[PDB]
Amino acid sequence: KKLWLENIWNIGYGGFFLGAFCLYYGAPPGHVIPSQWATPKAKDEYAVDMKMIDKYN
Amino acid sequence: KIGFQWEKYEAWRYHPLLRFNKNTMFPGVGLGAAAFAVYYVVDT
Amino acid sequence: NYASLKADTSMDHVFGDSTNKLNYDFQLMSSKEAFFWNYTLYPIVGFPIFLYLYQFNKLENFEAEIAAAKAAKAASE
Amino acid sequence: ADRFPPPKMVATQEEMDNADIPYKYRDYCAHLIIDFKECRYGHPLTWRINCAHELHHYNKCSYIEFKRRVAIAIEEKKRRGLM
Amino acid sequence: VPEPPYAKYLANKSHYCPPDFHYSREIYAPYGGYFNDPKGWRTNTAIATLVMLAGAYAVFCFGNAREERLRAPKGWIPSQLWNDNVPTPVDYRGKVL
Amino acid sequence: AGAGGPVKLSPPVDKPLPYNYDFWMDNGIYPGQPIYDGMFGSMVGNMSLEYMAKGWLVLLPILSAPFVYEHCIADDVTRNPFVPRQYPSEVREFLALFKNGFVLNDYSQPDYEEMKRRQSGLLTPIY
Amino acid sequence: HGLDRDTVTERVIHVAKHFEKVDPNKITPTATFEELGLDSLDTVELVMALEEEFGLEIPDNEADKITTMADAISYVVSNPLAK
Amino acid sequence: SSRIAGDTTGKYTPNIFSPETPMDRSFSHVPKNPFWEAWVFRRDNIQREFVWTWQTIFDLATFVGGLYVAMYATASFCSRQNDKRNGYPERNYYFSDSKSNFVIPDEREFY
Amino acid sequence: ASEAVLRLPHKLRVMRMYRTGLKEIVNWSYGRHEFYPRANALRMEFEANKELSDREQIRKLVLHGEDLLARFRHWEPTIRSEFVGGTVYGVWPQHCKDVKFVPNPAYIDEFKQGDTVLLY
Amino acid sequence: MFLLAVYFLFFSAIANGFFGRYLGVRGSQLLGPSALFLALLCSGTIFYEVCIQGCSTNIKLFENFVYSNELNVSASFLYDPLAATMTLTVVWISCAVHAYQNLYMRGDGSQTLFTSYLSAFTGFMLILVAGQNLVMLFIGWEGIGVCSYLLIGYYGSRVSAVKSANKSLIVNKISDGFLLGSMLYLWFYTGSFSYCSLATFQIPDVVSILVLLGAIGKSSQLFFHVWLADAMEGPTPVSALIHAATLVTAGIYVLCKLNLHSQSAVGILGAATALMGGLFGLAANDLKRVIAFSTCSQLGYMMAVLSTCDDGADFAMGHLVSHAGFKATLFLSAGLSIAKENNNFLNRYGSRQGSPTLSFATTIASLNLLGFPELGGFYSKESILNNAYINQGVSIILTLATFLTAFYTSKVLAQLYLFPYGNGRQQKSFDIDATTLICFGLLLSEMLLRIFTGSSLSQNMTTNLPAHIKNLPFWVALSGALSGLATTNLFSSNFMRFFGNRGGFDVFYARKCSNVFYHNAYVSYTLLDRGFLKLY
Ligand SMILES: CCCCCCCCCCCCCCCCCC(=O)O[C@@H](COC(=O)CCCCCCCCCCCCCCC)COP(=O)(O)OCC[N+](C)(C)C
Ligand SMILES: CCCCCCCCCCCCCCCCCC(=O)O[C@@H](COC(=O)CCCCCCCCCCCCCCC)COP(=O)(O)OCC[N+](C)(C)C
Ligand SMILES: CCCCCCCCCCCCCCCCCCCC(=O)O[C@H](COC(=O)CCCCCCCCCCCCCC)COP(=O)(O)OCCN
Ligand SMILES: CCCCCCCCCCCCCCCCCCCC(=O)O[C@H](COC(=O)CCCCCCCCCCCCCC)COP(=O)(O)OCCN
Ligand SMILES: CCCCCCCCCCCC(=O)SCCNC(=O)CCNC(=O)[C@H](O)C(C)(C)COP(=O)(O)O
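Listed in order, the protein sequences are those of chains g, k, h, o, c, l, T, m, n and L. Here the entry's author numbering is used: the first sequence runs in plain steps of one and ends on residue 115. Here the entry's author numbering is used: the second sequence runs in plain steps of one and ends on residue 47. Here the entry's author numbering is used: the third sequence runs in plain steps of one and ends on residue 81. Here the entry's author numbering is used: the fourth sequence runs in plain steps of one and ends on residue 84. Here the entry's author numbering is used: the fifth sequence runs in plain steps of one and ends on residue 107. Here the entry's author numbering is used: the sixth sequence runs in plain steps of one and ends on residue 151. Here the entry's author numbering is used: the seventh sequence runs in plain steps of one and ends on residue 123. Here the entry's author numbering is used: the eighth sequence runs in plain steps of one and ends on residue 138. Here the entry's author numbering is used: the ninth sequence runs in plain steps of one and ends on residue 121. Here the entry's author numbering is used: the tenth sequence runs in plain steps of one and ends on residue 536.
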């Protein structure tokens with residue numbers, strides 16, 4: 059016979075872990091991890107900086 | 004000689020099967036030397 | 005209730021009696037000895053601290069000597 | 002040092018880089034170490050027998066360089082007056 | 011002492027178990043018991059080997075996708091048979107192969 | 025037989041325990057041991073700390089004698105009969121940069137003083 | 041393994057024969073060492089020989105109490121590690 | 028003399044009147060020792076044997092105060108070095124008597 | 002010499018000294034071949050002074066031999082593996098029976114398992 | 001392909017240690033060796049691709065393992081020539097040890113858990129060797145440390161084994177703490193944890209000292225060698241892995257990967273550790289202890305050579321790889337001798353009929369240790385001794401260590417085989433299966449291949465030395481071997497006793513350091529929190 063808590067425990071904790079997974083991966087960039095949003099902008103500033111430093115040399 | 008005869012009591016340690024065999028320590032050294040001697044003659 | 009305080013003497017012939025006891029008094033190091041060893045070991049542990057202090061002192065002394073000489077050269081001239 | 006001038010360097014930068022010769026091994030014998038290295042790696046297990054000419058040549062060049070180093074040392078020592 | 015009723019469910023002493031050695035058979039360990047040798051081991055090992063090969067396949071796929079060789083090998087490497095990102099080999103002199 | 029060997033069980037405690045009884049490690053087998061062997065009780069080989077110190081006092085000078093000569097008594101010029109390996113200028117300049125390098129001891133070089141000061145570098149980062 | 045009395049007796053008797061002074065017919069399964077002619081130093085050597093024969097380590101207090109052929113055999117039979 | 032209390036099927040009942048002892052959670056409790064219990068009591072209630080003696084004062088001051096002093100001195104040295112490294116003016120620390128009001132560097136300002 | 006050795010009577014003390022000396026001969030030897038001459042030498046050493054009757058000289062001999070046997074204690078005693086101080090002593094100790102196992106532990110009053118706060 | 005080896009070892013660990021109930025003892029005797037064979041095939045491919053054909057590869061598993069503000073590290077594996085060589089050696093030795101454990105551990109209750117720990121141990125060693133950043137190396141360093149703690153203390157009902165494991169854990173904690181400090185210094189002033197950007201031409205002395213202090217832990221050097229001798233409590237397969245490759249080598253590997261060491265310190269510390277280890281091994285009477293002290297001596301040689309020349313790093317790694325094979329062989333053969341004789345003491349060994357393979361493997365491993373000419377150990381040791389001539393101090397000590405090494409090695413060989421039988425007249429036997437023969441075949445194959453393939457590129461390069469100076473290591477080794485066969489006395493009883501007590505480092509720690517530690521704890525607790533600040 060299954061314990062009283064087994065169903066509730068499995069549903070609640072599985073729901074927590076699944077929700078955490080879906081939020082971490084499903085969410086658009088910059089919603090959960092702020093660095094993900096900055097990556098394209100950093101590439102553009104990197105391009106400008108590279109050109110500028112070359113001119114400086 | 005007074006005392007226990009330690010060496011007579013332990014005289015079984017000279018058993019043929021409890022002695023040192025050159026072949027066990029150096030199994031194929033003779034074969035290796037014979038092969039080297041043959042090679043020497045060929046190369047020379 | 006409580007465990008028995010009676011020992012087992014089944015293996016006393018094979019492994020020896022328990023009559024012999026420890027000679028330790030179960031007391032720790034003397035206070036005088038401890039002060040010496042704490043004030044010896046702890047500086048050894050803090051070796052980086054002394055290296056930093058040494059270098060910093062040398063740097064500050066050099067800088068002060070440089071300033072003093074600069075002042076002297078800037079006074080007459 | 003001046004009396005015993007360095008030998009000409011046969012190996013160029015491009016060749017030493019192409020043969021992946023570390024900086025430490027670029028010591029006037031780099032061309033020979035390139036030959037030895039290429040032969041040793043070409044024959045992974047048989048280099049000891051096969052690749053013996055290149056090792057000999059490297060060891061000879063190294064010997065000449067060592068003799069130069071000793072000569073330089075003696076000249077410097079005489080200049081300082083110790084011997 | 012009369013063995014308890016549950017003792018029928020528990021397994022016997024294995025062949026590898028020394029006859030003198032006594033262990034409690036009721037204790038459960040994930041790594042296995044004192045001397046193991048369960049019935050059906052051959053099937054379990056075959057399943058294990060299959061899971062190992064499947065995971066090796068997945069690991070091989072992942073590695074091949076992530077293995078970045080940025081400098082040409084001196085000579086031919088076995089990776090060329092399976093991975094297409096190997097730079098064309100260049101020898102010590104510099105000649106391309 | 026590795027498994028199933030007889031063991032002697034440590035007698036149950038039957039007297040008031042000392043305050044620092046935590047220094048004794050007893051798993052229930054008869055030969056209990058101190059937390060650190062040699063902290064108290066029988067010492068291995070009947071050798072005290074004083075004996076070990078006297079030994080180290082006898083040994084230390086003989087062991088240190090080779091090292092003290094070359095490191096302190098000897099000098100760069102006299103340590104070896106040759107100069108450090110000679111390299112082309114481009115290679116040598118780069119190699120001289122390494123503090124833990126072997127080209128910094130070339131007295132013949134006109135940059136010896138700078139190289140020697142580089143070798144005896146900073147004890148700790150200035151910044 | 042609980043070694044049987046007969047085997048232990050035969051091997052203790054075998055060991056005791058080695059003393060030169062002892063007469064090969066006086067040593068019986070139940071004989072004191074004094075009657076056999078063994079001194080105190082001899083008894084120590086005999087106990088040590090017993091230690092070699094059965095591959096055990098006798099604690100010194102028990103070894104002191106061994107002074108007759110009977111008690112030795114009993115002690116070995118009692119010991120579970122005797123080989 | 029013993030019986031299985033637990034029932035997997037769920038039809039568990041405590042036979043409080045059973046002659047035979049139930050194999051409940053209490054079966055596996057470890058037997059205590061009169062001397063070990065008194066040792067535990069003595070160890071916990073060690074404040075009773077505390078006595079103010081010169082040796083106790085010496086030991087406390089030398090290790091606790093000594094460590095605290097060493098730690099404060101090191102932290103003060105590190106703060107002084109950082110101030111010199113950063114180029115900031117000598118900061119007004121709490122116990123330092125400095126005729127300067129500098130505490131937090133201005134982010135806008137270039138030091 | 003330890004207290005237990007000292008309490009022993011003269012005869013037992015000399016027997017113990019002989020035993021310990023033989024064991025130390027074994028420990029310091031490199032093979033069984035070395036043991037036999039050394040053991041005969043030890044026997045002769047004890048036999049030489051056995052007939053001494055002067056109590057003072059006997060005490061001097063005993064004390065000196067005890068100091069020698071204390072100094073020459075080996076760092077590594079040669080002990081059989083299965084005995085105390087041996088490598089295989091306690092490796093897999095034989096389990097005693099009468100082990101208290103609680104069957105079906107989670108199914109004993111499953112709903113009410115937990116800690117309670119009792120108040121007055 | 002490169003990842004596969006680590007996968008196989010971690011799989012074998014998870015399978016044996018989590019699913020051993022299903023697999024069984026026989027299942028672990030299959031899955032372990034099978035996985036290790038597959039890992040050997042992968043390691044061989046890696047070695048050929050990277051070492052022989054100069055093709056380094058970087059595999060980044062995932063990015064942002066740690067992403068707090070500026071600090072950013074990724075789980076990446078770079079297989080460089082050092083990594084390939086060490087991977088190959090480690091996997092070869094582990095495969096042999098796994099084959100060996102099938103018969104040796106049959107008499108042990110948890111053979112599944114033992115095999116699991118051995119495979120996890122090998123996996124963490126491969127993680128340490130192949131890491132591309134300092135964090136991955138730390139992950140491997142700690143994983144081997146934990147696996148050693150779980151393997152030395154395998155016999156829990158022995159107080160000595162648990163104490164030996166605690167000793168290992170504490171010493172390794174002190175060392176990894178110094179390493180963490182050095183890694184923080186290197187990250188702060190270079191901007192990255194990757195070895196490519198880690199390069200610094202001039203480093204402050206503090207970082208060098210911290211690096212050395214971190215390395216001397218795993219590679220048991222002087223003052224930090226206490227745990228190695230004690231680590232003999234564990235089963236023989238553990239000792240072979242730790243001593244031959246997994247643990248002792250890590251310190252050298254770290255020093256060679258990042259050349260931040262100082263010449264003055266490494267040379268003196270190494271030569272001292274070589275001499276002390278040889279002297280300690282002279283006194284030792286346990287077979288397994290003598291081979292541990294031999295390991296200490298060899299580690300001293302490898303540490304010392306770094307000071308001599310630029311090629312010292314190559315010479316050290318070459319000795320490390322040559323040493324792992326013969327040393328593993330010595331431990332496995334010692335274990336089999338102990339198992340067959342039920343004895344750990346050199347006094348009770350003697351000539352007895354046995355297997356030809358085991359006796360030959362022991363002789364050849366001992367010869368490699370001794371320095372017999374035209375052997376892998378000889379070339380790797382002469383490369384060190386010949387190149388150390390420039391440092392007069394290091395050379396003299398290392399030659400003396402060569403003498404002592406030869407003396408104890410010859411004494412051990414004489415005692416185990418030439419000497420007459422020394423054990424009792426009792427029935428003892430250990431029958432060797434074909435798996436053990438395969439294990440010795442693998443070790444002998446490694447030993448043979450090492451002679452043909454070599455250990456360093458500069459191994460046979462000429463050292464411009466007079467003939468008398470070049471061939472002296474041989475004369476010193478021969479003299480020591482001859483003196484060892486004669487079983488002559490070299491030192492007075494006072495020094496023999498001193499060397500048996502290992503210099504009294506542990507007696508110092510117990511009488512002074514441990515007493516101070518527990519007095520600080522007494523002042524901190526009894527006097528203060530539970531005394532002055534506790535209410536009546
Ligand atoms: C009671 C237990 C019984 C069951 C046991 C379970 C067995 C578990 C198996 C162990 C897992 C080992 C795999 C370790 C890698 C972790 C997998 C992972 O994290 O997935 C990564 C994908 O990466 C991988 O898949 C790695 C490949 C795994 C297998 C490759 C080789 C296997 C050998 C193991 C060596 C791994 C060393 C790594 C050390 C850090 C996620 O990708 P990202 O999107 O980049 O995630 C962001 C990163 N971060 C987590 C930091 C937020
Ligand atoms: C990094 C990428 C992949 C990571 C894989 C890591 C390898 C496997 C990790 C499995 C889980 C990690 C920790 C497991 C739980 C820790 C407990 C344990 O390891 O052993 C348990 C029991 O072991 C288990 O049941 C589970 C072990 C399964 C696999 C363990 C492999 C080795 C652990 C790896 C170390 C973890 C690394 C943590 C730090 C890096 C206790 O063993 P003992 O104390 O020695 O007592 C056993 C009885 N006897 C006296 C007879 C020895
Ligand atoms: C090759 C590199 C060097 C490797 C190791 C070198 C170690 C050399 C240091 C020892 C040489 C100098 C020793 C100091 C002079 C002492 C002379 C006699 C000693 C003495 O009388 O008291 C001893 C103090 O312990 C002591 O002597 C402890 C002082 C040691 C200083 C700390 C150095 C670390 C030592 C680690 C290994 C040394 C092991 C042996 C010291 C024993 O004191 P007690 O316990 O009997 O007092 C009673 C308890 N109330
Ligand atoms: C009643 C309660 C107290 C009674 C007993 C107290 C006895 C303790 C007295 C000595 C304790 C340790 C000594 C530290 C203070 C020494 C004198 C303080 C004055 C001072 O700051 O001088 C600095 C000391 O060096 C330093 O910066 C610190 C050096 C010592 C720290 C390392 C020693 C042990 C390491 C263990 C770890 C502890 C620290 C961990 C971070 C160097 O002068 P300055 O150049 O700074 O000029 C600053 C202007 N005076
Ligand atoms: C590894 C180095 C080895 C260590 C060697 C150290 C050993 C020291 C050797 C010197 C010690 C002695 O001489 S200690 C000898 C002391 N001399 C005496 O006691 C004279 C009186 N003799 C008696 O009481 C009995 O004859 C008795 C002898 C008891 C026998 O009893 P039995 O009549 O029933 O056999």
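Don't be surprised by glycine CBs; every beta carbon is placed ideally from N, CA and C.
{"Check": "Test: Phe31/c CB closer than 8 Å to a CB of chain l", "Outcome": "yes"}
{"Check": "Cutoff 8 Å: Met33/h Cβ touching any chain L Cβ", "Outcome": "yes"}
{"Check": "Chain l contact for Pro7/o (CB, 8 Å cutoff)", "Outcome": "yes"}
{"Check": "Alpha carbon of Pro6/o to alpha carbon of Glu134/m, nearest angstrom", "Outcome": "59 Å"}
{"Check": "First and last residue of the uninterrupted alpha helix (DSSP H) at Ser88/l", "Outcome": "73-92"}
{"Check": "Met105/L CB to nearest heavy atom of ligand 5 below 7 Å", "Outcome": "no"}
{"Check": "Proximity test, Cβ basis, 8 Å: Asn42/h and chain m", "Outcome": "yes"}
{"Check": "Beta-carbon contacts of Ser429/L that lie in its chain and below 8 Å, excluding the five residues immediately before and after", "Outcome": "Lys340"}
{"Check": "Outcome for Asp46/k when other beta-carbon atoms lying within 10 angstroms are tallied against a minimum of 16", "Outcome": "exposed"}
{"Check": "Nearest-angstrom beta carbon gap, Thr463/L and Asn387/L [assumed within contact, 8 Å]", "Outcome": "6 Å"}
{"Check": "Under 9 Å by beta carbon: chain h residues contacting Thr89/m", "Outcome": "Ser35, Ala38, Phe39, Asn42, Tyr43"}
{"Check": "DSSP state of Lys84/c mapped onto helix, strand, coil", "Outcome": "coil"}
{"Check": "Candidates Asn423/L, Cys147/L, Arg511/L, of which the one nearest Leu346/L by Cα", "Outcome": "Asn423/L"}
{"Check": "Sheet register partners of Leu94/m (DSSP bridge)", "Outcome": "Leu94/m pairs with nothing; no bridge assigned."}
{"Check": "Close beta carbons around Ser125/m, own chain, < 8 Å, minus the five adjacent residues each side", "Outcome": "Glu117, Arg118, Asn119"}
{"Check": "Span of the beta strand (DSSP E), counted from its first residue to its last, around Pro237/L", "Outcome": "Element bounds for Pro237/L: not the beta strand (DSSP E) but the alpha helix (DSSP H), 236-241."}
{"Check": "Test: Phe112/n CB closer than 8 Å to a CB of chain g", "Outcome": "yes"}
{"Check": "Span of the alpha helix (DSSP H), counted from its first residue to its last, around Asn74/c", "Outcome": "51-76"}
{"Check": "Test item: CB-CB of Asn501/L and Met71/l under 8 Å", "Outcome": "yes"}
{"Check": "Contact set between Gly104/c and chain L, taken where Cβ atoms lie within less than 7 Å", "Outcome": "Near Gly104/c there are no residues of chain L at all, since even the closest Cβ is about 13 Å away, more than 7 Å."}
{"Check": "Inter-residue CB distance, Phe23/k and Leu418/L (contact presumed, cutoff 8 Å)", "Outcome": "6 Å"}
{"Check": "DSSP bridge partner residues for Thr57/L (one or two, in chain order)", "Outcome": "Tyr79/L"}
{"Check": "The segment 93-104 of chain l contacting the segment 59-70 of chain o, beta-carbon criterion three pairs below 8 Å", "Outcome": "no"}
{"Check": "Three-state secondary structure (DSSP) of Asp29/h", "Outcome": "coil"}
{"Check": "Opposing strand residues paired with residue 209/l [DSSP bridges]", "Outcome": "Look at the range of chain l in this structure, 25 to 151, and you will see that residue 209/l is not part of it."}
{"Check": "Residue environment, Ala68/c, which counts as buried when at least 16 other CB atoms sit within 10 Å", "Outcome": "exposed"}
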